[PDB]
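**Student:** My structure is below; once you've seen it, I'll send some questions.
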Amino acid sequence: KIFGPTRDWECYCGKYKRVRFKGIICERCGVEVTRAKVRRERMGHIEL
Amino acid sequence: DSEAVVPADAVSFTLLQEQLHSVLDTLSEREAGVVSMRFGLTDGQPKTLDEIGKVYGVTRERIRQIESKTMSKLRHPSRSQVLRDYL
Amino acid sequence: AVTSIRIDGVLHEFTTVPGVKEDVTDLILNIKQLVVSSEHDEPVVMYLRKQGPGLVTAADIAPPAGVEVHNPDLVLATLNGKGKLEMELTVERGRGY
Amino acid sequence: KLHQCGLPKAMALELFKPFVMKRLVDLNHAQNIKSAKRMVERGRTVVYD
Amino acid sequence: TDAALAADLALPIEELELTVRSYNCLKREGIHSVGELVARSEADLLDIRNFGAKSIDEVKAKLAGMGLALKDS
Amino acid sequence: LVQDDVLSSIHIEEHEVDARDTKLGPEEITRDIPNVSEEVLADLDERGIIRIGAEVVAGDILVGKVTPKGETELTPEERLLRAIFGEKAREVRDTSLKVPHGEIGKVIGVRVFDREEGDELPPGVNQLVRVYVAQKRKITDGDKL
Amino acid sequence: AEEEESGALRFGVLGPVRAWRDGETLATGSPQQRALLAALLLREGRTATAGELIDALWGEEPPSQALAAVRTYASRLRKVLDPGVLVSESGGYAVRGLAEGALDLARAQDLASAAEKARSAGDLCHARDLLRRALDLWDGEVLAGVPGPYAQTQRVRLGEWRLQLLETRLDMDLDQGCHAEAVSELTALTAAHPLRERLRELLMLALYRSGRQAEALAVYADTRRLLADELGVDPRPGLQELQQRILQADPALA
Amino acid sequence: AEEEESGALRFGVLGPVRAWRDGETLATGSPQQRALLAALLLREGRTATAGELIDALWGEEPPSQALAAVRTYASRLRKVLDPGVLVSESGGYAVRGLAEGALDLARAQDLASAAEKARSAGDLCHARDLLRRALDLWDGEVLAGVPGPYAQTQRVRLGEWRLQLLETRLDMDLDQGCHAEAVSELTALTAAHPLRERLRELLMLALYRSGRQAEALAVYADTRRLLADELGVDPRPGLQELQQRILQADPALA
Amino acid sequence: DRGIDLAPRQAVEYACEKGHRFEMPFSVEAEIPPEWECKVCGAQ
Amino acid sequence: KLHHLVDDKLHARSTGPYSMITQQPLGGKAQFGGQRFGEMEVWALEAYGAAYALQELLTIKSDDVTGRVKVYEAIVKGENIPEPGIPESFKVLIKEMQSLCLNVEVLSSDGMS
Ligand SMILES: [Zn+2]
């Protein structure tokens with residue numbers, strides 16, 4: 001959800017496997033459908 | 001890493017796309033049109049034989065007959081070496 | 001000179017024949033020293049067969065017509081009591097190496 | 001000469017492989033790129049030429 | 001006119017559009033091109049087995065339709 | 001020193017592969033390698049083992065192991081190509097053991113271990129195969145004396 | 001008449017397509033549903049789908065409502081025939097309940113196989129009797145009044161199958177020495193069908209075994225001039241060998 | 001009939017979708033249900049995940065919430081088949097308990113391998129019997145009435161395999177000395193499929209020694225005309241070569 | 001990525017108790033949930 | 001006859017396996033790797049003044065994921081070599097520094113990036 005999907009254009013809950021509706025947010029799990037290389041550039045944070 | 005893109009694979013994919021467009025242009029215009037929609041080659045969505053029977057206006061019998069004729073024509077060994085190695 | 005061989009019971013040159021005191025590669029080395037003459041343009045297959053204890057020599061080979069061994073005293077292998085050696089030597093006519 | 005070096009066949013094939021496939025398709029020894037790669041991996045004499 | 005004669009010689013025997021008898025007779029001997037028949041002299045096709053005068057007349061009318069002639073004719 | 005076999009040596013190179021039951025399923029050693037010509041698999045046995053004494057080259061097949069499943073996201077172009085040619089119904093990936101580049105030799109010995117037999121194996125794996133390839137390297141350019 | 005079992009449903013496709021029930025014909029009706037029934041009958045019990053049946057029977061151009069037409073044809077067949085014979089399977093239709101020997105096609109294949117086995121075993125009389133009883137199952141022209149390209153294809157297939165059955169019966173009758181009817185039937189076949197030259201080769205064998213020589217050479221000249229005029233290719237080496245064996249008076253053939 | 005043991009559950013994919021439970025039928029059900037059972041049958045007993053089966057039934061656009069649909073299809077299979085013949089692992093579905101001869105496809109590969117082994121050994125009678133048993137396996141069109149482009153893929157694959165199997169059958173029939181049923185089958189198949197070059201080469205080979213030359217080259221000319229009209233190219237060089245050696249009439253291959 | 005038409009997207013505004021407002025897209029066919037997290041502070 | 005043989009010392013690369021943590025090609029004879037282009041190599045190429053050769057050895061032929069595939073495509077198709085991008089290892093450096101609470105931002109002449 002935070003860093004990005006591990007496959008290409010897939011989401012965590014197993015739905016939205018198709019490439020056509022890219023750039024949308026899944027309702028079940030919130031994972032943006034996009035490339036797997038975005039996990040090389042997306043960071044989060046820890047609140048202390 | 002298995003997720004790393006292989007340049008040979010991408011070159012093979014784009015050449016497969018170009019050669020598929022070329023062999024589609026090789027066939028007749030109407031046959032190219034009907035095959036472009038059966039597997040939805042033109043767009044991201046394939047279409048059924050009843051779905052294309054309204055815009056073009058033919059029976060299920062005739063549309064599946066010309067479809068199977070296109071598959072048989074592409075199944076001929078002449079138009080195979082351009083695609084057999086492409087798997 | 002001999003350019004190809006075949007031994008019954010042997011699938012590659014790195015194994016050993018059951019019943020000879022040295023391995024197959026040493027037999028390859030001994031075959032290379034065997035000098036022959038052949039007037040046939042086509043490859044000619046000789047035959048080598050020896051059974052029982054003894055010492056197989058180049059004279060024990062069986063050459064066809066138009067092929068003869070010229071150094072029959074050359075040692076090839078040594079057979080014990082359980083030695084099986086059937087060998088089809090091919091000779092070809094050529095020059096150089 | 002002063003400006004020459006001698007590469008082996010395998011080295012020059014693996015270094016210049018994409019150029020070899022491009023020229024093979026240009027010289028139509030193979031029908032397409034995949035067949036050119038197949039010949040290069042197989043290593044026929046036309047590839048060396 | 002070099003391109004025209006090259007195209008005429010390069011056409012196969014299927015474009016002749018004539019009877020099966022003469023086509024089978026010429027393909028039996030191994031002839032598969034119009035220029036191959038052109039290079040043949042009169043005695044080359046007058047010695048063909050089961051090749052009557054009707055086949056020769058039909059072939060002559062055919063080539064006359066395409067406008068060319070035989071060798072030394 | 002080349003024609004008299006003076007300076008030459010036997011070089012036996014060992015490299016193995018094993019079959020394991022992963023999450024998708026267990027890979028098997030077999031004969032029916034997908035999407036390959038029959039001539040490539042001409043020197044295999046029934047259980048997927050290269051014959052003892054089979055001459056091998058770079059890129060050749062030694063033992064035929066098929067990956068039980070890979071992720072299937074077929075493009076419409078590949079879908080219609082599969083419809084044209086017809087593809088085998090089990091979806092398998094060609095991850096069988098092949099000879100590395102620039103290596104030649106004779107298969108001089110094969111060793112097969114099975115989980116179903118009494119032989120011990122590491123956890124997870126089911127079949128383990130070892131293939132020895134031997135070449136008689138002669139002296140040539142670049143050898144160090 | 002000895003196999004006329006009570007309650008057995010029999011069908012015939014070697015001639016006009018008809019339905020027989022206990023020796024009584026059934027109202028087949030339209031020739032088009034007859035074509036559909038023959039399409040299901042010619043498979044020797046093998047099933048089919050509706051789509052392939054329509055594509056094979058109705059050519060490239062079916063009308064806009066072919067599915068309702070084939071459905072009502074099959075429904076009419078369901079009234080006229082037994083309900084259990086015609087069954088629905090995955091949207092397709094098939095003929096079931098066919099007993100052994102009821103269909104003329106399956107009986108013809110079985111008798112041909114039995115004749116081949118008897119010929120391999122040396123029983124020539126049993127083989128010729130079996131394939132003469134099988135040849136009596138043909139009711140003239142195959143598929144009378146049956147339209148469609150499929151009808152033409154199986155018409156040609158059954159015609160050449162009958163012709164080759166007659167050819168093998170003819171050659172083993174020549175081997176049996178009964179040339180009197182064989183010569184007349186060979187002449188009738190050559191007059192009817194000038195295309196299958198194995199029949200003329202059997203005619204050469206019959207003429208050589210009969211005794212006359214000059215007429216055989218006249219027939220050879222006629223065959224040669226026809227294969228020169230309409231074909232023009234050289235004669236087969238087997239035909240030339242047979243001709244030179246006839247000319248050399250080989251006592252082995254006589 | 002000799003392999004009908006007690007407790008045997010026979011499955012069939014080469015013909016339509018059916019189940020034989022010691023001689024009595026089982027209702028395989030919906031066309032999508034038939035496709036699901038066939039897709040489990042083609043995989044010789046994988047645990048195949050739910051998404052893969054969903055793709056196999058429908059392809060690119062399966063309805064979104066139809067995972068429970070495939071669940072209730074699995075329930076249908078479990079209540080119409082044995083409770084233990086179908087077992088689920090990690091959400092995947094798997095049919096086990098399939099003995100030898102239970103699947104006609106496994107028997108088909110077994111018969112093909114046995115025929116290949118007999119051809120390697122040079123035997124003819126046993127190989128002919130094996131392929132005679134193999135040609136009795138298919139019943140009509142394969143995978144009758146099942147949706148899914150996946151099903152189309154194994155349909156065309158099994159059809160092509162059947163084409164090469166009949167090519168081998170006709171080839172050994174020609175080489176062993178069978179011509180009449182050979183030319184009958186070749187004519188029937190070229191009537192069914194007009195654009196196969198290999199079967200027309202087989203036509204040329206069969207008619208070349210059975211006593212038929214004019215219609216063979218007529219069919220060849222028709223093939224050339226259709227191939228020029230639909231493809232506009234030249235046929236394979238092996239064909240022209242086969243027609244060439246035919247023309248000089250070599251008796252070497254007699 | 002050539003010739004592919006993206007799904008239509010709608011803008012739905014989410015507001016938290018701390019007053020943070022952010023815009024993120026939803027698919028037209030996708031159901032709109034009234035419950036979501038905050039991009040700034042993670043509040044409801 | 002030493003064991004430093006020539007039949008195994010030969011090793012060449014066109015496009016093989018790549019490292020995971022950074023997108024440079026990996027190394028090793030058995031793994032189809034690429035020869036390391038060390039620091040003194042870069043010093044020598046600076047000394048020649050050959051900016052383009054050094055720049056492409058550092059960007060085009062390694063660690064540019066949008067560059068290697070495009071260059072392979074351009075070579076096979078026959079067109080000219082495309083312009084290089086930014087090596088992925090520098091982006092790894094930026095992401096590493098940005099996680100040590102160092103506000104590392106790249107700004108161009110007009111503005112930020
Ligand atoms: Zn999701």
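Quick note on naming: the chains in the structure tokens go A, B, ... in the order shown, residues restart at 1 in each chain, and ligands are numbered from 1 in order of appearance.
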Please identify all residues of chain H having at least one atom at most 7 Å from any atom of chain G, considering only C-alpha atoms, and return them as a PyMOL selection string.

**Tutor:** chain H and resi 31+139-141+144-145+180+184+187-188+191+211-212+214+249+251

**Student:** Just the selected residues (N, CA, C and O atoms), exported as a short mmCIF file (atom, residue, chain, number, x, y, z; two decimals), in the first residue's frame, please.

**Tutor:**
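What landed in part.cif:
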data_model
loop_
_atom_site.label_atom_id
_atom_site.label_comp_id
_atom_site.auth_asym_id
_atom_site.auth_seq_id
_atom_site.Cartn_x
_atom_site.Cartn_y
_atom_site.Cartn_z
N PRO H 31 -22.24 -26.15 -19.67
CA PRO H 31 -21.10 -26.02 -20.59
C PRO H 31 -19.86 -25.43 -19.95
O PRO H 31 -18.74 -25.90 -20.22
N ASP H 139 -14.35 -39.23 -30.78
CA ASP H 139 -15.77 -39.36 -31.08
C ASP H 139 -16.29 -37.99 -31.48
O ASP H 139 -16.65 -37.17 -30.62
N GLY H 140 -16.32 -37.72 -32.78
CA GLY H 140 -16.75 -36.42 -33.25
C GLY H 140 -15.72 -35.34 -32.98
O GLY H 140 -14.53 -35.59 -32.81
N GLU H 141 -16.21 -34.10 -32.94
CA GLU H 141 -15.35 -32.96 -32.70
C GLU H 141 -14.90 -32.92 -31.24
O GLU H 141 -15.70 -33.13 -30.33
N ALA H 144 -16.61 -30.79 -27.33
CA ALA H 144 -17.90 -30.37 -27.87
C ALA H 144 -18.59 -29.36 -26.96
O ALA H 144 -18.98 -29.70 -25.84
N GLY H 145 -18.75 -28.13 -27.44
CA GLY H 145 -19.53 -27.13 -26.74
C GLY H 145 -18.96 -26.64 -25.43
O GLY H 145 -19.65 -26.65 -24.41
N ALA H 180 -6.70 -48.64 -51.34
CA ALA H 180 -8.10 -48.32 -51.62
C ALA H 180 -8.73 -47.52 -50.49
O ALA H 180 -9.23 -46.41 -50.70
N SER H 184 -9.56 -43.48 -50.28
CA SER H 184 -10.88 -43.08 -49.80
C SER H 184 -10.76 -42.09 -48.64
O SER H 184 -11.41 -41.04 -48.64
N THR H 187 -9.30 -38.68 -49.89
CA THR H 187 -10.32 -37.89 -50.57
C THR H 187 -11.33 -37.31 -49.59
O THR H 187 -11.72 -36.14 -49.71
N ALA H 188 -11.75 -38.11 -48.60
CA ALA H 188 -12.70 -37.61 -47.60
C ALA H 188 -12.10 -36.47 -46.78
O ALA H 188 -12.79 -35.47 -46.51
N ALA H 191 -11.75 -33.37 -48.87
CA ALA H 191 -13.09 -32.78 -48.91
C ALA H 191 -13.39 -32.01 -47.63
O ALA H 191 -13.98 -30.93 -47.68
N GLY H 211 -2.97 -46.55 -59.59
CA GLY H 211 -3.54 -46.48 -60.92
C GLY H 211 -4.46 -45.30 -61.13
O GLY H 211 -5.62 -45.46 -61.52
N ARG H 212 -3.96 -44.09 -60.86
CA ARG H 212 -4.76 -42.88 -61.04
C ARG H 212 -3.81 -41.69 -61.18
O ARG H 212 -3.09 -41.36 -60.23
N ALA H 214 -4.68 -38.74 -63.81
CA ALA H 214 -5.31 -37.54 -64.35
C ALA H 214 -5.95 -36.70 -63.25
O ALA H 214 -5.72 -35.49 -63.15
N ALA H 249 8.23 -41.18 -63.93
CA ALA H 249 7.68 -42.51 -63.65
C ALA H 249 8.76 -43.50 -63.22
O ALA H 249 9.08 -44.46 -63.92
N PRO H 251 9.99 -46.56 -61.17
CA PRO H 251 9.39 -47.71 -60.49
C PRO H 251 10.17 -48.14 -59.26
O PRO H 251 9.98 -49.25 -58.76
#

**Student:** Once you count only C-alpha atoms, which residues of chain A turn out to be within 9 Å of chain H? Could you give them as a list in words?

**Tutor:**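 Only these qualify: residues 14, 15 and 18 of chain A.
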
**Student:** Just N, CA and C atoms for this one: save the residues we selected as a PDB file, in the first residue's frame.

**Tutor:**
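Once written, out_7.pdb looks like this:
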ATOM      1  N   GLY A  14      -5.397  -9.538  -4.807  1.00  0.00           N
ATOM      2  CA  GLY A  14      -5.544 -10.471  -5.898  1.00  0.00           C
ATOM      3  C   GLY A  14      -6.400  -9.986  -7.047  1.00  0.00           C
ATOM      4  N   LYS A  15      -7.137  -8.895  -6.864  1.00  0.00           N
ATOM      5  CA  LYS A  15      -7.960  -8.342  -7.924  1.00  0.00           C
ATOM      6  C   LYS A  15      -7.121  -7.427  -8.811  1.00  0.00           C
ATOM      7  N   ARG A  18      -5.403  -6.711 -14.431  1.00  0.00           N
ATOM      8  CA  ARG A  18      -5.293  -6.268 -15.810  1.00  0.00           C
ATOM      9  C   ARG A  18      -4.598  -4.908 -15.898  1.00  0.00           C
TER      10      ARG A  18
END

**Student:** So which bits of chain A end up helix (DSSP H, G or I) when you DSSP the backbone, as a list in words?

**Tutor:** residues 36, 37, 38, 39 and 40 of chain A

**Student:** With C-alpha atoms retained, export the selected residues as a PDB file, in the first residue's frame.

**Tutor:**
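Contents of again10.pdb, as written:
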ATOM      1  CA  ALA A  36       7.054  -2.966 -10.004  1.00  0.00           C
ATOM      2  CA  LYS A  37      10.006  -0.562 -10.301  1.00  0.00           C
ATOM      3  CA  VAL A  38       8.223   2.152  -8.300  1.00  0.00           C
ATOM      4  CA  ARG A  39       9.279   0.272  -5.155  1.00  0.00           C
ATOM      5  CA  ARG A  40      12.807   1.521  -5.936  1.00  0.00           C
TER       6      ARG A  40
END

**Student:** For stretch 22-30 of chain H, work out the shell of residues within 9 Å, counting only C-alpha atoms and skipping chain neighbours fewer than 5 positions away, then give it as a ChimeraX atom specification.

**Tutor:** /G:90 /H:4-10,17,35,37,73,76-77,80-81

**Student:** Within 6 Å of ligand 1, counting only C-alpha atoms and all ligand atoms, which protein or nucleic acid residues do you find, written as an MDAnalysis selection string?

**Tutor:** chainID A and resid 11:15 26 28:29 31

**Student:** Neighbouring residues of residue C:68 were defined as those with any atom within 12 Å, considering only C-alpha atoms; residues of the same chain fewer than 3 positions away were excluded. Please report them as JSON, numbers by chain.

**Tutor:** {"C": [1, 2, 34, 35, 36, 37, 38, 39, 40, 44, 45, 46, 47, 58, 59, 60, 61, 62, 63, 64, 65, 71, 72, 91]}

**Student:** Got a sec: who's within 9 Å of residue A:8, counting only C-alpha atoms, leaving out chain neighbours fewer than 2 positions off, as a VMD selection string?

**Tutor:** chain A and resid 5 to 6 10 to 11 17 19 33 to 37

**Student:** Of the residues J:20, J:26, J:83, J:13, which is the one nearest to chain A, using only C-alpha atoms?

**Tutor:** J:20

**Student:** Figure out the distance between atom CA of residue G:232 and atom CA of residue G:183, please, to one decimal in Å.

**Tutor:**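 Interatomic distance here is 27.4 Å.
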
**Student:** Should the cut-off be 8 Å, what would the residue list for chain B against chain H look like, counting only C-alpha atoms, as number ranges by chain?

**Tutor:** B: 45-46, 72-73, 76, 78

**Student:** What is the atom CA of residue H:39-atom CA of residue F:82 distance in Å, reported with one decimal?

**Tutor:**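 Interatomic distance, atom CA of residue H:39 to atom CA of residue F:82: 16.4 Å.
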
**Student:** Pull the closest atom pair for each residue of chain J that gets at most 12 Å from chain B, along with the distance in Å to one decimal, counting only C-alpha atoms, ordering rows by chain and then ascending residue number, as a Markdown table.

**Tutor:**
| residue | atom | partner | partner_atom | distance |
| --- | --- | --- | --- | --- |
| J:14 | CA | B:7 | CA | 10.5 |
| J:15 | CA | B:7 | CA | 7.7 |
| J:16 | CA | B:6 | CA | 8.1 |
| J:17 | CA | B:1 | CA | 7.7 |
| J:18 | CA | B:1 | CA | 6.7 |
| J:19 | CA | B:1 | CA | 6.6 |
| J:20 | CA | B:1 | CA | 5.3 |
| J:21 | CA | B:1 | CA | 9.0 |
| J:22 | CA | B:1 | CA | 10.3 |
| J:23 | CA | B:4 | CA | 8.6 |
| J:24 | CA | B:4 | CA | 11.1 |
| J:25 | CA | B:1 | CA | 10.8 |
| J:26 | CA | B:1 | CA | 10.5 |
| J:61 | CA | B:7 | CA | 11.9 |
| J:63 | CA | B:4 | CA | 11.5 |
| J:64 | CA | B:5 | CA | 11.6 |
| J:65 | CA | B:5 | CA | 8.2 |
| J:66 | CA | B:5 | CA | 9.9 |
| J:67 | CA | B:7 | CA | 10.0 |
| J:68 | CA | B:7 | CA | 7.1 |
| J:69 | CA | B:7 | CA | 4.6 |
| J:70 | CA | B:7 | CA | 7.9 |
| J:71 | CA | B:7 | CA | 8.7 |
| J:72 | CA | B:7 | CA | 6.2 |
| J:73 | CA | B:11 | CA | 5.7 |
| J:74 | CA | B:11 | CA | 9.4 |
| J:75 | CA | B:11 | CA | 10.2 |
| J:76 | CA | B:11 | CA | 8.0 |
| J:77 | CA | B:11 | CA | 8.9 |

**Student:** Could those selected residues go to a file with C-alpha atoms, as a compact mmCIF listing (two decimals), in the first residue's frame?

**Tutor:**
# COMPACT_ATOMS: atom_id res chain seq x y z
CA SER J 14 26.87 -8.74 -24.42
CA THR J 15 23.81 -8.73 -22.14
CA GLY J 16 23.50 -11.17 -19.25
CA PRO J 17 22.41 -11.31 -15.62
CA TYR J 18 22.14 -8.11 -13.60
CA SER J 19 22.62 -7.37 -9.92
CA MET J 20 19.55 -6.78 -7.76
CA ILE J 21 20.35 -4.08 -5.19
CA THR J 22 21.89 -1.95 -7.96
CA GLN J 23 21.24 -2.32 -11.67
CA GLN J 24 24.87 -2.83 -12.68
CA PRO J 25 25.75 -6.11 -14.42
CA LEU J 26 27.02 -8.70 -11.99
CA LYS J 61 26.31 0.15 -21.06
CA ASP J 63 23.02 0.77 -14.66
CA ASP J 64 20.62 2.72 -16.91
CA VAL J 65 17.43 0.65 -17.06
CA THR J 66 15.80 2.96 -19.61
CA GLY J 67 19.06 3.10 -21.57
CA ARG J 68 20.30 -0.46 -22.03
CA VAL J 69 17.09 -1.81 -23.58
CA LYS J 70 16.71 1.20 -25.88
CA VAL J 71 20.33 0.87 -26.99
CA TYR J 72 19.93 -2.85 -27.71
CA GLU J 73 16.79 -2.06 -29.71
CA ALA J 74 18.58 0.71 -31.61
CA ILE J 75 21.50 -1.57 -32.46
CA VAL J 76 19.33 -4.48 -33.62
CA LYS J 77 17.04 -2.20 -35.64

**Student:** So the first atom is atom CA of residue I:43 and the second is atom CA of residue I:15; what is the distance between them in Å, to one decimal place?

**Tutor:**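 Result for atom CA of residue I:43 versus atom CA of residue I:15: 9.4 Å, one decimal.
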
**Student:** Tell me as a PyMOL selection string which residues belonging to chain D come within 7 Å of chain J, counting only C-alpha atoms.

**Tutor:** chain D and resi 11+14-15+17-19+21-22

**Student:** Residues of chain E no more than 8 Å from chain H, counting only C-alpha atoms: send them over as a list in words.

**Tutor:**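 Filtering chain E at 8 Å from chain H with only C-alpha atoms gives residues 24, 27, 28, 29 and 30 of chain E.
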
**Student:** Show me, as JSON lines, the residues of chain D having an atom within 12 Å of chain F, each with the closest atom pair and its distance in Å, using only C-alpha atoms.

**Tutor:**
{"residue": "D:8", "atom": "CA", "partner": "F:141", "partner_atom": "CA", "distance": 10.3}
{"residue": "D:9", "atom": "CA", "partner": "F:102", "partner_atom": "CA", "distance": 11.1}
{"residue": "D:10", "atom": "CA", "partner": "F:102", "partner_atom": "CA", "distance": 7.9}
{"residue": "D:11", "atom": "CA", "partner": "F:102", "partner_atom": "CA", "distance": 10.3}
{"residue": "D:13", "atom": "CA", "partner": "F:102", "partner_atom": "CA", "distance": 11.7}
{"residue": "D:14", "atom": "CA", "partner": "F:101", "partner_atom": "CA", "distance": 10.3}
{"residue": "D:38", "atom": "CA", "partner": "F:59", "partner_atom": "CA", "distance": 10.7}
{"residue": "D:39", "atom": "CA", "partner": "F:59", "partner_atom": "CA", "distance": 12.0}
{"residue": "D:40", "atom": "CA", "partner": "F:59", "partner_atom": "CA", "distance": 11.3}
{"residue": "D:41", "atom": "CA", "partner": "F:59", "partner_atom": "CA", "distance": 7.5}
{"residue": "D:42", "atom": "CA", "partner": "F:59", "partner_atom": "CA", "distance": 8.0}
{"residue": "D:43", "atom": "CA", "partner": "F:58", "partner_atom": "CA", "distance": 9.6}

**Student:** Once you have the residues from the selection above, write them out as a PDB file, in the first residue's frame, restricted to N, CA and C atoms.

**Tutor:**
ATOM      1  N   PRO D   8      39.646 -13.636 -30.336  1.00  0.00           N
ATOM      2  CA  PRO D   8      39.185 -14.983 -30.686  1.00  0.00           C
ATOM      3  C   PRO D   8      37.810 -14.937 -31.334  1.00  0.00           C
ATOM      4  N   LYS D   9      37.394 -16.092 -31.854  1.00  0.00           N
ATOM      5  CA  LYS D   9      36.089 -16.178 -32.501  1.00  0.00           C
ATOM      6  C   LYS D   9      34.959 -16.051 -31.488  1.00  0.00           C
ATOM      7  N   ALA D  10      35.063 -16.760 -30.361  1.00  0.00           N
ATOM      8  CA  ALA D  10      34.008 -16.715 -29.354  1.00  0.00           C
ATOM      9  C   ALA D  10      33.890 -15.329 -28.731  1.00  0.00           C
ATOM     10  N   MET D  11      35.026 -14.698 -28.424  1.00  0.00           N
ATOM     11  CA  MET D  11      35.011 -13.341 -27.890  1.00  0.00           C
ATOM     12  C   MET D  11      34.378 -12.362 -28.862  1.00  0.00           C
ATOM     13  N   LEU D  13      32.326 -12.993 -31.252  1.00  0.00           N
ATOM     14  CA  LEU D  13      30.914 -13.290 -31.449  1.00  0.00           C
ATOM     15  C   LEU D  13      30.079 -12.785 -30.286  1.00  0.00           C
ATOM     16  N   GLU D  14      30.568 -12.954 -29.059  1.00  0.00           N
ATOM     17  CA  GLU D  14      29.785 -12.511 -27.914  1.00  0.00           C
ATOM     18  C   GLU D  14      29.820 -10.997 -27.754  1.00  0.00           C
ATOM     19  N   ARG D  38      19.049 -17.538 -32.801  1.00  0.00           N
ATOM     20  CA  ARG D  38      19.158 -18.993 -32.781  1.00  0.00           C
ATOM     21  C   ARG D  38      20.396 -19.465 -33.531  1.00  0.00           C
ATOM     22  N   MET D  39      20.677 -18.873 -34.695  1.00  0.00           N
ATOM     23  CA  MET D  39      21.890 -19.248 -35.419  1.00  0.00           C
ATOM     24  C   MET D  39      23.145 -18.833 -34.663  1.00  0.00           C
ATOM     25  N   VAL D  40      23.125 -17.657 -34.029  1.00  0.00           N
ATOM     26  CA  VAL D  40      24.299 -17.194 -33.292  1.00  0.00           C
ATOM     27  C   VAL D  40      24.590 -18.120 -32.121  1.00  0.00           C
ATOM     28  N   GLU D  41      23.550 -18.523 -31.387  1.00  0.00           N
ATOM     29  CA  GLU D  41      23.739 -19.480 -30.302  1.00  0.00           C
ATOM     30  C   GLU D  41      24.191 -20.835 -30.831  1.00  0.00           C
ATOM     31  N   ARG D  42      23.643 -21.268 -31.970  1.00  0.00           N
ATOM     32  CA  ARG D  42      24.096 -22.515 -32.576  1.00  0.00           C
ATOM     33  C   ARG D  42      25.511 -22.381 -33.125  1.00  0.00           C
ATOM     34  N   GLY D  43      25.833 -21.234 -33.717  1.00  0.00           N
ATOM     35  CA  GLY D  43      27.178 -20.982 -34.195  1.00  0.00           C
ATOM     36  C   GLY D  43      27.518 -21.636 -35.519  1.00  0.00           C
TER      37      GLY D  43
END
